[PDB]
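J.: Below is a structure I'd like to ask you about.
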Amino acid sequence: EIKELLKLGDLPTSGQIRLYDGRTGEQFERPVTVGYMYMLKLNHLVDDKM
Amino acid sequence: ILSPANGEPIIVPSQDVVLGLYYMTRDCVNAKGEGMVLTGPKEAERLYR
Amino acid sequence: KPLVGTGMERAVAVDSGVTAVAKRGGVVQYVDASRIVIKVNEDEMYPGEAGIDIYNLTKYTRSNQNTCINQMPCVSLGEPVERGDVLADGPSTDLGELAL
Amino acid sequence: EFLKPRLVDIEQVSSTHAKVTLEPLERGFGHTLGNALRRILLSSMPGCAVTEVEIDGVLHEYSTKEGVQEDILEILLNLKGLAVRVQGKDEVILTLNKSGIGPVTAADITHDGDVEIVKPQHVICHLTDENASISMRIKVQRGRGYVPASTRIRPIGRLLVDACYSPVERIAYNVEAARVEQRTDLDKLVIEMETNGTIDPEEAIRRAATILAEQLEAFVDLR
Amino acid sequence: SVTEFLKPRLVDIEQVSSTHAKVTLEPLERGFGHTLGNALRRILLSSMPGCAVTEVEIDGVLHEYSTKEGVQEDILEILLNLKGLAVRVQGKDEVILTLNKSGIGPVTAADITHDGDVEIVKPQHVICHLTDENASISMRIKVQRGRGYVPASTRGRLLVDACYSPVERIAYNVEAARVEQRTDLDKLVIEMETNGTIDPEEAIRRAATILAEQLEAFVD
């Protein structure tokens with residue numbers, strides 16, 4: 001079902017795309033898993049700990 | 001750099017460094033540039049870059 | 001909102017009580033960043049009452065862990081609302097869905 | 001001995017999206033210039049950004065204003081996304097006055113001859129009361145890069161806005177075979193740029209090339 | 001102040017050898033170190049004009065995998081030695097050099113019959129090693145002028161990988177650099193080794209000149 005939804009959005013079924021290095025423009029030699037993850041900022045800020 | 005418990009090195013690379021060295025030292029059967037003869041490591045680096 | 005969720009976000013957001021939930025259905029008579037005024041439908045009003053529901057929103061109050069508790073409305077002027085509808089999003093809530 | 005590139009086409013796909021074609025290019029030079037120009041365009045392009053706001057009756061962003069849909073924080077965030085091109089000066093003060101129910105947008109900002117609002121439909125806030133009225137003084141400054149308000153070195157009521165001066169949003173480049181007069185080894189560089197609408201794509205390309213040449217001047221005569 | 005960028009205040013050149021340099025520029029704008037280093041690296045690797053050996057014809061040797069009596073090394077090793085032969089051809093875009101040698105000894109580049117326009121950078125470069133007093137090696141070396149590196153795979157004439165670019169090695173590193181308050185600045189260290197035709201400083205200047213002249217149409 002995930003691969004079907006990827007097809008519906010015209011995205012590769014493997015979930016891996018060709019990425020380029022911003023520093024040099026060079027192609028990374030293998031496809032890289034690129035997607036969206038839901039990230040959280042935990043209440044462990046370095047401001048309160050330093 | 002060595003471990004006092006057993007004398008083995010304790011600064012050993014792990015994770016990304018090990019993966020990078022392994023990937024760079026792996027060989028492929030029909031990789032681009034196979035069969036070339038190089039003057040040295042500098043020419044290999046120039047060809048790769 | 002999480003692009004990938006489980007469907008439990010709405011239940012958590014509603015049951016936590018951090019959101020403003022419509023006690024009765026009606027139409028948004030007034031709305032601003034601090035308050036919501038709902039004109040209750042005629043079928044949900046009791047005899048001898050104006051039929052106005054007022055929801056005063058919590059604005060920038062510290063939590064027990066010194067985090068910000070802020071409610072902002074998620075409805076517009078004149079919008080129709082139903083009973084159990086989320087009127088104002090709470091902290092870490094997006095349109096009635098838990099948004100951590 | 002090298003065939004230098006020329007600007008040969010500028011396809012303005014939309015107001016904020018354009019394509020610039022450089023041709024002809026020697027082998028390898030397409031990607032070299034592509035990456036150099038991409039980095040310089042993404043990091044060094046100047047633009048005008050909102051840096052200070054003064055709303056009447058407001059003391060700080062963590063407050064509400066009667067008759068206004070949004071918090072002052074959300075109004076400030078909306079103003080941070082306001083795209084403006086100022087002509088002939090590095091700093092301007094815009095005035096916004098609105099009354100009555102309706103969306104308060106960028107089109108309601110008091111017109112100034114030297115200031116242009118590229119996107120008048122940008123919503124700043126919403127007035128939800130008939131008697132509600134909002135009045136603000138918006139300071140727009142010219143700069144480059146990202147300058148947070150916290151790091152900037154004032155009466156109460158002047159709200160600092162983080163300034164994202166960069167007008168460039170996305171840069172992509174492609175190197176394709178270009179049919180040369182006789183040679184088949186030359187290429188062409190298509191640079192696709194998405195901006196906020198406040199910079200001319202040819203102006204951006206020339207600015208990036210000028211920055212690169214000035215940076216190269218140190219190496220051209222090494223000592 | 002939006003049109004002015006930082007320029008390198010400190011430029012330090014460390015001559016590790018006659019053909020090896022370490023050039024440090026400090027400070028640069030954030031990210032400019034990678035931009036300049038990568039652009040110069042690409043130009044030096046792939047675009048620098050130079051003269052290099054491209055073909056050779058050896059009498060008695062008719063294929064790549066073949067043997068010749070009297071020479072210690074194999075034909076592959078002789079080609080590997082010829083690849084490293086640094087040559088400056090002032091006069092033309094193409095020349096032929098004749099190497100005729102006999103007797104026991106190290107056959108080097110000095111033994112090549114002299115032509116005025118052709119200049120051998122280092123005469124002691126060992127082409128091969130003759131071991132027999134009656135062993136004779138006579139070959140014709142085609143030197144051509146080109147750009148960058150052209151492998152022989154992309155092209156009895158024995159093909160040699162053409163190392164036109166005088167750059168033997170180019171690398172760059174970006175370190176942290178700071179001015180009075182700004183601490184997010186770039187420091188560019190370029191470690192470069194040439195083949196002796198031109199010193200690393202001159203090659204860096206030539207690469208920068210090429211890149212700058214590429215931008216002529218667009219510079220204000």
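Residue numbering restarts at 1 for every chain of the structure tokens, chains are lettered A, B, ... in their displayed order, and ligands are numbered from 1 as they appear.
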Quick one: residues within 9 Å of segment 155-166 of chain D, only C-alpha atoms, excluding same-chain residues fewer than 6 positions away - as a PyMOL selection string?

T.: chain D and resi 41-61+76-77+79-81+141-149+195-196

J.: May I have the selected residues written with N, CA and C atoms, as a short mmCIF file (atom, residue, chain, number, x, y, z; two decimals), in the first residue's frame?

T.:
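Saved the output as result.cif:
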```cif
data_model
loop_
_atom_site.label_atom_id
_atom_site.label_comp_id
_atom_site.auth_asym_id
_atom_site.auth_seq_id
_atom_site.Cartn_x
_atom_site.Cartn_y
_atom_site.Cartn_z
N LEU D 41 24.14 31.72 -4.84
CA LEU D 41 22.76 32.19 -4.89
C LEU D 41 22.01 31.81 -3.61
N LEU D 42 22.27 30.62 -3.08
CA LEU D 42 21.58 30.18 -1.87
C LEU D 42 22.07 30.90 -0.62
N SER D 43 23.29 31.44 -0.63
CA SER D 43 23.85 32.01 0.59
C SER D 43 24.05 33.52 0.58
N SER D 44 24.19 34.16 -0.59
CA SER D 44 24.73 35.51 -0.65
C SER D 44 23.83 36.53 -1.33
N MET D 45 22.64 36.15 -1.77
CA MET D 45 21.79 37.11 -2.47
C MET D 45 21.16 38.09 -1.49
N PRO D 46 21.23 39.39 -1.76
CA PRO D 46 20.59 40.37 -0.87
C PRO D 46 19.10 40.52 -1.13
N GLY D 47 18.39 40.91 -0.08
CA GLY D 47 16.96 41.15 -0.17
C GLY D 47 16.49 42.03 0.96
N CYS D 48 15.22 42.42 0.87
CA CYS D 48 14.58 43.26 1.87
C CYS D 48 13.68 42.41 2.75
N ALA D 49 13.80 42.59 4.06
CA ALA D 49 13.05 41.81 5.03
C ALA D 49 12.50 42.71 6.12
N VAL D 50 11.36 42.30 6.68
CA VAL D 50 10.78 43.00 7.81
C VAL D 50 11.62 42.71 9.05
N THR D 51 12.06 43.77 9.73
CA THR D 51 12.91 43.64 10.90
C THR D 51 12.29 44.18 12.18
N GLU D 52 11.34 45.11 12.10
CA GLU D 52 10.74 45.70 13.29
C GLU D 52 9.28 46.00 13.01
N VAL D 53 8.44 45.80 14.03
CA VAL D 53 7.01 46.08 13.95
C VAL D 53 6.61 46.91 15.15
N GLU D 54 5.68 47.84 14.95
CA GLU D 54 5.11 48.63 16.03
C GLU D 54 3.60 48.68 15.84
N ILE D 55 2.87 47.90 16.63
CA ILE D 55 1.42 47.86 16.58
C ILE D 55 0.87 48.69 17.73
N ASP D 56 -0.06 49.59 17.42
CA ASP D 56 -0.62 50.47 18.44
C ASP D 56 -1.38 49.66 19.49
N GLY D 57 -1.11 49.97 20.76
CA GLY D 57 -1.75 49.28 21.87
C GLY D 57 -1.15 47.94 22.23
N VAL D 58 -0.07 47.53 21.58
CA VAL D 58 0.57 46.24 21.82
C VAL D 58 1.90 46.49 22.50
N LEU D 59 2.15 45.78 23.60
CA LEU D 59 3.41 45.90 24.33
C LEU D 59 4.39 44.78 24.03
N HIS D 60 3.90 43.58 23.74
CA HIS D 60 4.76 42.45 23.43
C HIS D 60 3.97 41.45 22.59
N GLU D 61 4.70 40.52 21.98
CA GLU D 61 4.09 39.58 21.04
C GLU D 61 3.19 38.57 21.75
N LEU D 76 3.20 38.58 13.67
CA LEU D 76 4.62 38.81 13.42
C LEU D 76 5.19 37.73 12.50
N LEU D 77 4.78 36.48 12.69
CA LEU D 77 5.23 35.41 11.80
C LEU D 77 4.73 35.63 10.38
N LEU D 79 4.09 38.57 9.06
CA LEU D 79 4.87 39.69 8.54
C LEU D 79 6.28 39.27 8.18
N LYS D 80 6.82 38.26 8.86
CA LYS D 80 8.14 37.74 8.52
C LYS D 80 8.17 37.18 7.11
N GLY D 81 7.06 36.63 6.64
CA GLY D 81 6.93 36.13 5.29
C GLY D 81 6.50 37.15 4.26
N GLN D 141 14.21 46.43 6.12
CA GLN D 141 15.62 46.72 5.90
C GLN D 141 16.19 45.79 4.84
N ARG D 142 17.25 46.27 4.19
CA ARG D 142 17.97 45.49 3.20
C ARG D 142 19.15 44.79 3.86
N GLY D 143 19.38 43.54 3.47
CA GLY D 143 20.46 42.77 4.05
C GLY D 143 20.68 41.51 3.25
N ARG D 144 21.52 40.63 3.80
CA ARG D 144 21.71 39.31 3.23
C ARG D 144 21.92 38.31 4.36
N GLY D 145 21.59 37.05 4.07
CA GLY D 145 21.72 36.00 5.06
C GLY D 145 20.55 35.97 6.03
N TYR D 146 20.79 35.32 7.16
CA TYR D 146 19.78 35.14 8.20
C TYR D 146 20.28 35.83 9.47
N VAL D 147 19.58 36.87 9.89
CA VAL D 147 19.96 37.62 11.08
C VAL D 147 18.87 37.49 12.14
N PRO D 148 19.04 36.61 13.12
CA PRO D 148 18.04 36.51 14.19
C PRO D 148 17.97 37.79 15.01
N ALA D 149 16.76 38.08 15.49
CA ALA D 149 16.56 39.27 16.32
C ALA D 149 17.32 39.16 17.63
N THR D 195 12.22 31.96 -6.18
CA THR D 195 12.48 33.04 -5.25
C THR D 195 11.18 33.46 -4.57
N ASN D 196 11.26 34.55 -3.81
CA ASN D 196 10.07 35.18 -3.24
C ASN D 196 9.48 36.25 -4.15
#
```

J.: If we count only C-alpha atoms, what is near residue 13 of chain B at a cut-off of 12 Å, once residues fewer than 6 positions away on the same chain are taken out, given as an MDAnalysis selection string?

T.: chainID B and resid 1 19:22

J.: Report as number ranges by chain all protein, DNA and RNA residues lying within 12 Å of residue 27 of chain A, evaluated on only C-alpha atoms, omitting residues in the same chain fewer than 6 positions from it.

T.: A: 17-21; B: 49; D: 31, 35

J.: Save out the residues we just selected, N, CA, C and O atoms, as an mmCIF file, in the first residue's frame.

T.:
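And here's again-v9.cif as it stands now:
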```
data_model
loop_
_atom_site.group_PDB
_atom_site.id
_atom_site.type_symbol
_atom_site.label_atom_id
_atom_site.label_comp_id
_atom_site.auth_asym_id
_atom_site.auth_seq_id
_atom_site.Cartn_x
_atom_site.Cartn_y
_atom_site.Cartn_z
ATOM 1 N N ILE A 17 16.049 7.990 -3.233
ATOM 2 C CA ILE A 17 16.240 8.893 -4.358
ATOM 3 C C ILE A 17 17.708 9.274 -4.453
ATOM 4 O O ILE A 17 18.495 9.066 -3.528
ATOM 5 N N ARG A 18 18.066 9.836 -5.600
ATOM 6 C CA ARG A 18 19.425 10.297 -5.847
ATOM 7 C C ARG A 18 19.650 11.633 -5.152
ATOM 8 O O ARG A 18 18.941 12.607 -5.426
ATOM 9 N N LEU A 19 20.634 11.682 -4.261
ATOM 10 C CA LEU A 19 20.990 12.898 -3.549
ATOM 11 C C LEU A 19 22.337 13.414 -4.032
ATOM 12 O O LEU A 19 23.209 12.641 -4.437
ATOM 13 N N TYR A 20 22.498 14.731 -3.979
ATOM 14 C CA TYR A 20 23.732 15.389 -4.372
ATOM 15 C C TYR A 20 24.344 16.092 -3.170
ATOM 16 O O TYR A 20 23.634 16.598 -2.297
ATOM 17 N N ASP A 21 25.672 16.118 -3.132
ATOM 18 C CA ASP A 21 26.391 16.767 -2.044
ATOM 19 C C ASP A 21 26.378 18.274 -2.270
ATOM 20 O O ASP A 21 26.853 18.754 -3.303
ATOM 21 N N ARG B 49 38.320 11.194 -8.142
ATOM 22 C CA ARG B 49 37.721 12.510 -7.953
ATOM 23 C C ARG B 49 37.195 13.089 -9.259
ATOM 24 O O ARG B 49 36.226 13.855 -9.247
ATOM 25 N N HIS D 31 29.089 21.677 -14.469
ATOM 26 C CA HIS D 31 28.861 21.333 -13.069
ATOM 27 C C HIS D 31 29.618 22.261 -12.129
ATOM 28 O O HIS D 31 29.111 22.608 -11.055
ATOM 29 N N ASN D 35 27.426 24.358 -9.450
ATOM 30 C CA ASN D 35 27.530 24.269 -7.998
ATOM 31 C C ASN D 35 27.992 25.584 -7.381
ATOM 32 O O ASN D 35 27.472 25.995 -6.336
#
```

J.: Compile the contact shell of residue 14 of chain C as number ranges by chain: residues with an atom at most 9 Å away, counting only C-alpha atoms, same-chain residues fewer than 2 positions apart removed.

T.: C: 9-12, 16-21, 84, 86, 96-98

J.: Give me, as a PyMOL selection string, the residues of chain C touching chain D, with the criterion being at most 9 Å (counting only C-alpha atoms).

T.: chain C and resi 30-34+59-60+72-73+76-77

J.: As a PyMOL selection string, please: the residues near residue 27 of chain E (cut-off 10 Å, only C-alpha atoms, same-chain neighbours under 2 positions excluded).

T.: chain E and resi 6-11+24-25+29-30+32-33+175-179+183-188

J.: For the residues in the current selection, export C-alpha atoms as a compact mmCIF listing (two decimals), in the first residue's frame.

T.:
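Now in selection.txt:
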```txt
# COMPACT_ATOMS: atom_id res chain seq x y z
CA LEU E 6 35.11 39.23 3.24
CA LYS E 7 38.42 38.96 1.41
CA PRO E 8 41.36 36.78 2.52
CA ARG E 9 43.49 38.92 4.83
CA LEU E 10 46.07 36.18 5.48
CA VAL E 11 47.53 34.23 2.55
CA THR E 24 46.11 28.86 3.14
CA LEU E 25 43.62 31.71 2.73
CA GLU E 29 32.60 33.92 4.15
CA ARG E 30 30.71 30.93 5.52
CA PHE E 32 32.90 30.12 0.46
CA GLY E 33 35.78 27.82 1.34
CA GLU E 175 38.59 24.86 8.81
CA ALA E 176 37.02 27.31 11.24
CA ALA E 177 38.22 30.90 11.02
CA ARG E 178 37.22 33.98 12.98
CA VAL E 179 37.46 37.76 12.98
CA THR E 183 33.47 33.00 14.42
CA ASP E 184 31.59 31.11 11.66
CA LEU E 185 34.13 31.96 8.96
CA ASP E 186 35.97 29.69 6.54
CA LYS E 187 39.69 28.95 6.29
CA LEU E 188 40.77 27.29 3.04
```

J.: May I ask you to extract the residues of chain E within 7 Å of chain A, using only C-alpha atoms, and to give them as a list in words?

T.: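 Listing them in order of chain and number gives residues 34, 35 and 38 of chain E.
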
J.: Go through E:146, E:84, E:196, E:123 and flag the residue nearest chain B, using only C-alpha atoms for the distances.

T.: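 The answer is E:84, which sits nearest to chain B.
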
J.: Pull out every residue of chain E that has at least one atom within 12 Å of chain B, counting only C-alpha atoms, and report them as a PyMOL selection string.

T.: chain E and resi 38+41-46+64+75-85+148-154+159-163+165-171+192-195

J.: Could you list, as a PyMOL selection string, the residues of chain D having an atom within 9 Å of chain A when counting only C-alpha atoms?

T.: chain D and resi 31-32+34-36+38-39

J.: Within chain C, find each residue whose DSSP state, derived from the backbone, is alpha helix (DSSP H), and express the selection as a count of residues only.

T.: 8

J.: Hey, could you make a per-residue contact list for chain C against chain A with 9 Å as the cut-off, showing the nearest pair of atoms and its distance in Å to one decimal, counting only C-alpha atoms, sorted by chain and number, as CSV?

T.:
```
residue,atom,partner,partner_atom,distance
C:1,CA,A:38,CA,8.8
C:2,CA,A:38,CA,6.0
C:3,CA,A:38,CA,7.4
C:4,CA,A:38,CA,7.6
C:65,CA,A:43,CA,8.8
C:100,CA,A:40,CA,6.5
```

J.: Based on the selection just made, write C-alpha atoms of those residues as a PDB file, in the first residue's frame.

T.:
```pdb
ATOM      1  CA  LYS C   1       0.110  17.676  12.396  1.00  0.00           C
ATOM      2  CA  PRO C   2       1.882  14.336  11.885  1.00  0.00           C
ATOM      3  CA  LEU C   3       1.776  13.281   8.246  1.00  0.00           C
ATOM      4  CA  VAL C   4       1.919   9.663   9.456  1.00  0.00           C
ATOM      5  CA  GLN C  65       7.325  22.378  33.439  1.00  0.00           C
ATOM      6  CA  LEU C 100       3.670  16.822  19.396  1.00  0.00           C
TER       7      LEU C 100
END
```

J.: Go through chain D residue by residue and, counting only C-alpha atoms, keep those with an atom at most 9 Å from chain E; for each kept residue give the shortest atom pair and its distance in Å to one decimal, ordered by chain and increasing number, as JSON lines.

T.:
```
{"residue": "D:2", "atom": "CA", "partner": "E:214", "partner_atom": "CA", "distance": 8.0}
{"residue": "D:3", "atom": "CA", "partner": "E:214", "partner_atom": "CA", "distance": 7.9}
{"residue": "D:4", "atom": "CA", "partner": "E:214", "partner_atom": "CA", "distance": 5.1}
{"residue": "D:5", "atom": "CA", "partner": "E:214", "partner_atom": "CA", "distance": 6.7}
{"residue": "D:6", "atom": "CA", "partner": "E:217", "partner_atom": "CA", "distance": 6.3}
{"residue": "D:7", "atom": "CA", "partner": "E:217", "partner_atom": "CA", "distance": 7.9}
{"residue": "D:25", "atom": "CA", "partner": "E:214", "partner_atom": "CA", "distance": 9.0}
{"residue": "D:26", "atom": "CA", "partner": "E:47", "partner_atom": "CA", "distance": 8.9}
{"residue": "D:27", "atom": "CA", "partner": "E:47", "partner_atom": "CA", "distance": 8.1}
{"residue": "D:28", "atom": "CA", "partner": "E:46", "partner_atom": "CA", "distance": 7.0}
{"residue": "D:29", "atom": "CA", "partner": "E:43", "partner_atom": "CA", "distance": 7.8}
{"residue": "D:32", "atom": "CA", "partner": "E:39", "partner_atom": "CA", "distance": 5.6}
{"residue": "D:33", "atom": "CA", "partner": "E:39", "partner_atom": "CA", "distance": 7.7}
{"residue": "D:35", "atom": "CA", "partner": "E:35", "partner_atom": "CA", "distance": 7.6}
{"residue": "D:36", "atom": "CA", "partner": "E:35", "partner_atom": "CA", "distance": 5.6}
{"residue": "D:37", "atom": "CA", "partner": "E:35", "partner_atom": "CA", "distance": 8.9}
{"residue": "D:39", "atom": "CA", "partner": "E:35", "partner_atom": "CA", "distance": 7.0}
{"residue": "D:40", "atom": "CA", "partner": "E:32", "partner_atom": "CA", "distance": 8.0}
{"residue": "D:43", "atom": "CA", "partner": "E:31", "partner_atom": "CA", "distance": 8.0}
{"residue": "D:44", "atom": "CA", "partner": "E:2", "partner_atom": "CA", "distance": 8.6}
{"residue": "D:45", "atom": "CA", "partner": "E:2", "partner_atom": "CA", "distance": 8.5}
{"residue": "D:46", "atom": "CA", "partner": "E:2", "partner_atom": "CA", "distance": 6.2}
{"residue": "D:47", "atom": "CA", "partner": "E:2", "partner_atom": "CA", "distance": 8.8}
{"residue": "D:142", "atom": "CA", "partner": "E:2", "partner_atom": "CA", "distance": 7.6}
{"residue": "D:143", "atom": "CA", "partner": "E:2", "partner_atom": "CA", "distance": 5.6}
{"residue": "D:144", "atom": "CA", "partner": "E:2", "partner_atom": "CA", "distance": 6.1}
{"residue": "D:205", "atom": "CA", "partner": "E:218", "partner_atom": "CA", "distance": 7.4}
{"residue": "D:206", "atom": "CA", "partner": "E:218", "partner_atom": "CA", "distance": 4.9}
{"residue": "D:207", "atom": "CA", "partner": "E:219", "partner_atom": "CA", "distance": 7.5}
{"residue": "D:208", "atom": "CA", "partner": "E:219", "partner_atom": "CA", "distance": 8.6}
{"residue": "D:209", "atom": "CA", "partner": "E:219", "partner_atom": "CA", "distance": 5.7}
{"residue": "D:210", "atom": "CA", "partner": "E:219", "partner_atom": "CA", "distance": 4.6}
{"residue": "D:211", "atom": "CA", "partner": "E:5", "partner_atom": "CA", "distance": 7.9}
{"residue": "D:212", "atom": "CA", "partner": "E:212", "partner_atom": "CA", "distance": 7.9}
{"residue": "D:213", "atom": "CA", "partner": "E:212", "partner_atom": "CA", "distance": 5.4}
{"residue": "D:214", "atom": "CA", "partner": "E:7", "partner_atom": "CA", "distance": 8.5}
{"residue": "D:215", "atom": "CA", "partner": "E:7", "partner_atom": "CA", "distance": 6.8}
{"residue": "D:216", "atom": "CA", "partner": "E:208", "partner_atom": "CA", "distance": 6.1}
{"residue": "D:217", "atom": "CA", "partner": "E:208", "partner_atom": "CA", "distance": 7.8}
{"residue": "D:218", "atom": "CA", "partner": "E:8", "partner_atom": "CA", "distance": 7.1}
{"residue": "D:219", "atom": "CA", "partner": "E:208", "partner_atom": "CA", "distance": 5.7}
{"residue": "D:220", "atom": "CA", "partner": "E:205", "partner_atom": "CA", "distance": 4.7}
{"residue": "D:221", "atom": "CA", "partner": "E:205", "partner_atom": "CA", "distance": 6.1}
{"residue": "D:222", "atom": "CA", "partner": "E:205", "partner_atom": "CA", "distance": 6.3}
{"residue": "D:223", "atom": "CA", "partner": "E:11", "partner_atom": "CA", "distance": 6.7}
```

J.: Considering only C-alpha atoms, return as an MDAnalysis selection string whatever protein or nucleic-acid residues lie within 10 Å of residue 17 of chain E, sequence-local ones (same chain, fewer than 3 positions apart) excluded.

T.: chainID E and resid 14 20:22 193 199
